Amino acid sequence: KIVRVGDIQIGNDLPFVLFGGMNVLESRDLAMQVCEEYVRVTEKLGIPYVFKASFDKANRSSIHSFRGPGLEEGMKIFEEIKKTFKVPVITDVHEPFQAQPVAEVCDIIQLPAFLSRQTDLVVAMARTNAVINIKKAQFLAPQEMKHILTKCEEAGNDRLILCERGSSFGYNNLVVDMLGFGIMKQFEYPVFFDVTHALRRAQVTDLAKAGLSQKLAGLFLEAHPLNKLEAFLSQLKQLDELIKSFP
Amino acid sequence: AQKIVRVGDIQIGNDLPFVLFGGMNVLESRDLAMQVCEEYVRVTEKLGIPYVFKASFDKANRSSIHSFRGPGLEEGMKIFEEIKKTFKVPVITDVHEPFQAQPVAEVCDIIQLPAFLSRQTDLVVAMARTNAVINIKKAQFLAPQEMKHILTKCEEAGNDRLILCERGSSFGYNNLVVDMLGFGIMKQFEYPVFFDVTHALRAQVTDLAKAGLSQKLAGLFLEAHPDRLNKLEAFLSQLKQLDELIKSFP
Amino acid sequence: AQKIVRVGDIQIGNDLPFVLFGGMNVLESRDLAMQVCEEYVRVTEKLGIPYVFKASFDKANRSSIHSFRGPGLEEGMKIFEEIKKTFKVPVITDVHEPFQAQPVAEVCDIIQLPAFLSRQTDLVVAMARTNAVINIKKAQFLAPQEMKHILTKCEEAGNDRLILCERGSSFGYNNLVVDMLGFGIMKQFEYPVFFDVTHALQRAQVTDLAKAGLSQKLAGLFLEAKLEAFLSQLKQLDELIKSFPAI
Amino acid sequence: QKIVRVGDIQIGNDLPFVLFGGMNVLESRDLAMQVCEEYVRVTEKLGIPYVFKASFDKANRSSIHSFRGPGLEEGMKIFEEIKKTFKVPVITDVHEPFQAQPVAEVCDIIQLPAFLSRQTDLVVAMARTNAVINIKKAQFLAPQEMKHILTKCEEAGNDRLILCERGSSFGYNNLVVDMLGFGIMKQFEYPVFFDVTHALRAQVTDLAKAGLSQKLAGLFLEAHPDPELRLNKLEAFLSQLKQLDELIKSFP
């Protein structure tokens with residue numbers, strides 16, 4: 001029900017926790033800059049924070065023309081971010097062997113939606129007793145999440161978080177079914193919602209709001225310099241406080 | 001520009017406090033309706049929620065024949081006059097055959113175009129004559145953007161007093177999903193945007209209504225019964241609180 | 001066991017050769033109604049394909065209050081009487097209001113119950129009372145098994161001369177996808193099942209779907225318009241699929 | 001319209017359909033050869049080109065425990081037998097990039113799983129082996145989106161591609177097959193297959209007839225001795241499909 005990561009506490013009954021950061025570690029310079037701006041706002045408003053970014057992008061369109069810095073170099077950037085900002089990090093691992101080294105640097109490891117069924121990957125990630133973030137596949141029903149949490153508990157990892165990213169709706173279109181948050185919460189694991197990955201900036205705000213009204217452990221953001229974050233997160237903190245106060 | 005629609009002392013719009021279209025599904029008995037309306041008027045007066053009473057006089061799109069449909073038109077419009085007298089408060093019902101558009105609008109301030117029938121011309125025009133306010137139900141197979149053409153018809157049939165209702169969307173077979181992004185898109189057409197929470201499917205109703213209201217909406221559509229009605233106060237409290245928050249955001 | 005619906009000297013049935021319900025969208029003009037039907041009778045006569053002329057005397061769902069609607073009831077009937085006289089062919093039309101069911105069923109052999117109006121009791125009942133053939137249109141939001149209620153309504157109201165007709169299902173927004181398994185599911189109710197090839201759209205594409213729909217062993221086709229070559233392939237296909245013993 | 005040749009088998013949307021049939025997974029050395037033998041007898045007797053189908057690992061499942069298959073090295077020895085015994089090409093699914101290379105050494109056609117059809121590394125590894133790639137269409141991807149994966153293979157060294165249809169997402173835990181999908185995917189000129197058994201009763205029969213009426217290059221079947229399709233009942237059903245394929249193919 002509650003998941004501790006350093007000193008940050010994560011639960012559906014607790015104030016929401018930002019998972020914000022980048023799509024991909026472009027450079028060390030941007031990683032630090034993005035991360036610095038995020039801590040500044042979140043510390044101002046009193047929102048517990050974790051830095052998000054991939055080191056590897058699987059779904060690219062070229063043999064080698066930019067998945068990001070890779071396992072060795074990405075890990076060195078996460079290591080520097082942890083030093084400077086004393087903040088937990090989160091990244092997603094793609095191949096089974098990477099889970100072990102990555103869990104040593106990264107506090108939370110993410111389980112990509114497309115690969116969420118692959119047994120071997122699940123187990124590799126569970127072995128590391130680091131906290132696993134299960135991304136919910138767009139062709140999957142909330143009930144199906146139970147089996148993914150089971151393999152995890154059977155491999156002896158019971159620090160798990162569900163992160164919703166929207167269901168498939170006809171061709172190419174996605175819809176976020178809000179009743180799914182509820183069905184997922186019965187599993188007693190913290191639930192998150194990925195807002196940027198579920199689809200102007202008007203939409204992102206509306207959808208983020210609509211997610212927190214369902215009473216969630218937290219949120220995903222890929223923002224990039226944005227720097228209009230203060231107005232946005234404050235409304236969310238206000239709403240979340242209202243929402244979590246309800247019997 | 002955002003649009004404001006006015007009825008018997010009531011301000012309905014996307015930027016204003018949310019309005020309740022609440023009552024019962026169908027007019028079962030002249031007595032039961034009073035009961036329900038009474039309980040509604042108590043909580044709404046308290047919470048400062050502009051309330052309109054809601055109930056259909058005929059359940060046409062029935063599942064089976066010989067099933068209870070309701071009191072019919074005339075029988076039913078009487079029961080509407082009684083609630084309207086006793087509780088001094090507007091009424092909304094759905095009208096199914098074009099001919100009944102005028103008698104009904106004599107009694108009811110607001111008339112509701114049923115989803116299945118939203119596409120068909122004769123009835124739309126018939127409601128637009130009555131210079132009443134037309135509650136347009138969105139159908140589960142219509143895209144939000146497609147609401148534009150129903151808006152257009154009514155405007156061109158001589159009514160500019162319009163509300164859109166979201167009722168849900170088709171999601172495989174016998175399942176409905178409510179796209180939150182839809183409200184954004186419909187809000188652009190100006191005209192208040194309401195949400196039917198009941199007909200979008202216990203406590204899933206509370207979740208869904210909360211999700212709705214976060215989108216900054218003109219009002220809710222909602223159904224209750226003594227066999228539910230009892231836990232109305234606790235439910236609308238939270239909602240109003242949240243609405244107070246969303247509507248104050250700059 | 002499977003039901004045969006008999007209209008004129010024509011048999012309709014999921015086992016009997018397919019029947020074309022071909023014709024036009026709206027009765028544009030008398031002369032234009034005659035022309036289309038002439039071309040249909042000739043081409044369907046040449047091949048071995050039972051034919052029934054289809055058309056609307058009223059377009060109730062047109063976008064804009066001012067856009068052409070058709071000849072209306074009395075005028076619409078006079079063009080159907082003329083078609084009957086000239087071509088000695090049964091007709092099908094859709095009925096929009098309860099009071100129409102009788103005068104229409106006096107001229108028209110088959111009456112069609114449009115989707116959207118497909119659940120209104122007062123029209124279904126009105127239409128069943130006329131002892132014409134009911135062509136029940138399948139709504140794109142309604143599951144195939146859901147067609148029992150509409151059938152039952154009709155049966156109770158005193159009419160078992162029924163046909164279900166498939167126009168597609170809602171797939172996300174605006175898109176319609178035709179669930180081939182639907183035909184099996186509706187087939188079990190034993191009334192003749194048709195497919196609306198044209199209204200399953202929004203090309204060669206109409207042809208492909210027509211082929212796919214006919215491979216499921218169907219009472220007929222619903223088509224609006226080399227028509228001759230189109231049907232000839234379909235006639236051959238219908239012949240192959242219908243000679244197949246059960247596996 | 002391209003034509004993919006494997007051994008003496010022509011594969012193509014204008015050509016006679018090709019059966020990619022076998023079983024779900026290599027439950028054993030024995031059961032493999034029993035399924036293959038039945039397919040081969042009915043194949044020769046009907047004269048329909050045939051490619052044996054079996055997975056060597058069931059990489060995703062519900063529970064971690066128990067059965068997933070023989071494994072890579074074990075599983076390929078079965079494929080060694082089957083090739084040697086019955087003179088028939090084989091097809092399996094590759095799940096990780098390091099596998100594509102030793103899998104192609106034995107299997108004539110490799111299958112890029114639906115879920116992993118987007119992950120570049122697997123695609124590239126496979127396209128290096130020059131063996132035929134059968135790209136599974138993802139349940140959440142529009143037929144139009146199959147161009148990018150084709151382009152990833154062809155720009156990578158390999159233009160011997162098959163597309164495959166497994167059904168699209170239709171609500172929760174439920175699928176529909178879009179028939180207009182076939183005619184869209186065909187516009188890319190590679191051959192297009194339908195996986196009737198992954199698209200979900202004898203309603204597999206009905207789907208296959210539905211697919212084959214779209215003038216496809218071919219089709220997927222799984223059949224078993226005892227389901228915990230029936231392996232002994234293929235002839236009457238494959239026969240019906242050939243007469244239908246022969247018809248659909250003859251049309252101008």
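Of the residues C:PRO114, C:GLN202, C:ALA132, the one whose Cα sits farthest toward the positive end of the charge dipole of chain C, with +1 on the Cβ of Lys and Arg and -1 on the Cβ of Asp and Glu, is C:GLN202. Note on D:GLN203 and B:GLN204: their simple-model spin labels are 2.3 nm apart, each label 7 Å out from Cα toward Cβ. Computed about its Cα centre, the charge dipole of the protein assembly as shown is approximately 300 debye, with only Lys, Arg, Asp and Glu carrying charge at their Cβ. The magnitude of the dipole of chain D, with charges of +1 and -1 set on the Cβ of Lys/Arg and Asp/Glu and taken from the Cα centre, is near 380 debye. Shape descriptor for the stretch C:80-206: Rg over Rh equals 0.98 (Cα atoms; Rh from the Kirkwood inverse mean 1/r). For the stretch A:194-226, backbone nitrogen atoms closer than 20 Å to the point 7 Å from A:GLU37 Cα along Cα-to-C-beta are found at A:195-198, A:200-206, A:208, A:219-226. Summary value for the stretch D:57-117: 27 percent relative contact order, contacts being C-alpha pairs under 8 angstrom separated by 6+ residues.
In this rough spin-label picture, where each label sits 7 Å from Cα along the Cβ direction, the C:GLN102-C:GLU155 distance is 2.7 nm. Cross-link reach is defined here as a Cα-Cα straight distance under 23 Å, omitting same-chain residues fewer than 8 places apart; for C:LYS235 the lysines meeting it are C:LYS3, C:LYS46, C:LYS54, C:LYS88, C:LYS187, C:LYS211, C:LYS217, C:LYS226, D:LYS209, D:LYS215, D:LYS242, D:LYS249.
In angstrom, the C-alpha Rg and Dmax of the stretch C:33-87 are 13.7, 42. The mean count of C-beta atoms from other chains within 10 Å of the C-beta of residues in C:140-152, rounded to a whole number, is 3. For chain C, the residue among C:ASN159, C:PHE189, C:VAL177 whose Cα projects farthest onto the positive side of the dipole built from Cβ charges is C:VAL177.
For a distance above 22 Å, tell me the whole-number percent of Cα pairs in the stretch B:141-250 that qualify.
Working: 2247 of 5995 pairs.
Here the long-distance tail beyond 22 Å is 37 percent of all Cα pairs in the stretch B:141-250.
The sum of -39500 (n - 2.57) across all DSSP H runs of n ≥ 4, divided by the residue count of chain B, sets its helix-only mean residue ellipticity at 222 nm to -11000 deg cm²/dmol. Distance from the C-alpha centroid of the stretch A:43-88 to that of the stretch D:119-180: 30 Å, rounded to the whole angstrom.
Across every direction, the projection of the convex hull enclosing the Cα atoms of the protein assembly as shown has a mean area of 40.5 nm². Seen from every direction in turn and averaged, the convex hull around the alpha carbons of the stretch A:106-172 projects onto 4.5 nm². Charge dipole of the stretch D:1-90 (Cα centre as origin; +1 on each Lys and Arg Cβ, -1 on each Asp and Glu Cβ, all else neutral): 160 debye, rounded to the nearest 20. Note on the stretch D:4-161: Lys pairs 8 or more places apart or on different chains, Cα atoms under 21 Å apart, count 18. Annotation for B:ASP9 and B:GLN241: the two label points, set 7 Å from Cα along the Cα-Cβ direction, are 2.8 nm apart.
What the Cα atoms of the stretch D:146-189 give is an Rg and a Dmax of 12.8, 38 Å. The ellipsoid that matches the Cα gyration tensor of the stretch C:44-133 has semi-axes, each √(5λ) in whole angstrom, of 23, 17, 13, with the longest given first. Each Cα pair under 8 Å and six or more residues apart adds its separation to the average, and for the stretch D:68-153 the resulting relative contact order is 24 percent. Normalising by residue count, chain D has a Cα convex hull of 126 Å³ per residue.
If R0 is taken as 22 Å, the Cβ-Cβ distance between A:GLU26 and A:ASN172 corresponds to a FRET efficiency of 0.25.
Would you tell me the mean number of C-beta atoms belonging to other protein chains that fall within 10 Å of each C-beta in A:204-214, as a whole number?
For this peptide, the per-residue mean of nearby foreign Cβ atoms is 5.
Rule-based calculations on the coordinates, nothing more; no lab input. Cβ atoms come from the backbone with ideal geometry, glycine included; neighbour counts cover every protein chain shown.
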